[PDB]
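As structure tokens, the next two blocks hold two forms of the same chain, structure 1 and structure 2.
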Structure 1
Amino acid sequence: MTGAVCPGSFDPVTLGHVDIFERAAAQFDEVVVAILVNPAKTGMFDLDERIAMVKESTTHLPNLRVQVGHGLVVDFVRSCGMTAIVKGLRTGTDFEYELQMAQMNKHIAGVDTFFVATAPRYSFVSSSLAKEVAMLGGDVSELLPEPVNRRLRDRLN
């Protein structure tokens, strides 16, 4: 009867994201991770790689599924038969923008957005900073799932 969508680019998924997936799966009957397409072309990992990384990092969550999102998040959400979005907060989150989008999403489709603080140990990782640090030779392996580290190292070597 209950369901939530966890939308994002996940380029790549981090342990911060996985923390949020785990909490959504614990509180909702079904969770759908919506991987948004990168239309303007310029990400690090292509869509298939991002799906695989999320799937491989979430095998311990039987009530969670992974799907590609297209168009408005609220359209995807309602297409899943749901009316809730679950999003993580971490250090560096643009929360004012997240609030603006949440209020807009409520306005246009009646979809609620629930925010949850990510675990402190994963509160400073973001996809973008993780990539930037790793590209410059820094070790972020404790902040990403092993399926992601495997792929990141390959791009390095």
Structure 2
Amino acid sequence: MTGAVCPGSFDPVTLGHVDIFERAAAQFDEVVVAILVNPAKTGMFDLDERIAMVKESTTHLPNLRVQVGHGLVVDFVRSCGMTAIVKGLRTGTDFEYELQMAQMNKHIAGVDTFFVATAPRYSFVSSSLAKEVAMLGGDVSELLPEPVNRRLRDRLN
């Protein structure tokens, strides 16, 4: 059976992310959302918060599971029984970054990457910008899953 890994920091997961999960889940036998926390401790939500938000936001996808990633995505793919990497693209910047990483990943491990285009309505949505706006008092609730909104409302006070 085929399997797609969707790696990312998901800090926090957005509706753009969930859209990608849904589209991967419709095409692959199983999907694994791999949460990679960047070495620099400066992130809004801790690993367990990130995991819980993704799980709670994907209860409608029975063939998806959430796991913490360690090391190279390609090692996660090969060791943990997947067949491909799936990532979303919003912009030309995403494309350039992801193209480089995909070619590097194919080179080092023979692992393929498939990209999907953002839904137009979420094209401007990013975890970073949503966090920045939320912290300055802006309403980003329409851009994030309810389980994230619930936690953002508590975290801001």
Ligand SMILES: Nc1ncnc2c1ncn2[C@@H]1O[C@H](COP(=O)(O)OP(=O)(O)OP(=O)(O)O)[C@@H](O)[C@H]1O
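Counting starts at 1 and follows the sequence of structure 1. Only residues modelled in both forms are compared. Take the two forms, superpose them, and find the largest set of C-alpha atoms that agree within 1.5 Å; that set is the rigid core.
Inset, instruction - Kindly point out the structure, among the two, that is the form deposited with this ligand bound. - result: It is structure 2; that copy is the form deposited with this ligand bound.
Inset, instruction - Report the residue, chosen from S128, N63, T91, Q67, for which the CA moves 2 Å or more between structure 1 and structure 2 after the rigid core is overlaid. - result: Shifted by 2 Å or more: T91 only.
Inset, instruction - Look at the Cα of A40 between structure 1 and structure 2 with the rigid core superposed and state its shift in Å. - result: Core-aligned C-alpha shift comes out at 2.1 Å.
Inset, instruction - Could you tell me how many Å the Cα atom of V77 shifts between structure 1 and structure 2 when the rigid core is held superposed? - result: Between its two positions, the C-alpha of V77 lies 1.1 Å apart after core fitting.
Legend entry - Stretches between structure 1 and structure 2 where the CA atoms of at least 3 consecutive shared residues shift 2 Å or more, core fixed: These are the shifted runs between structure 1 and structure 2: 37 to 40, 91 to 94.
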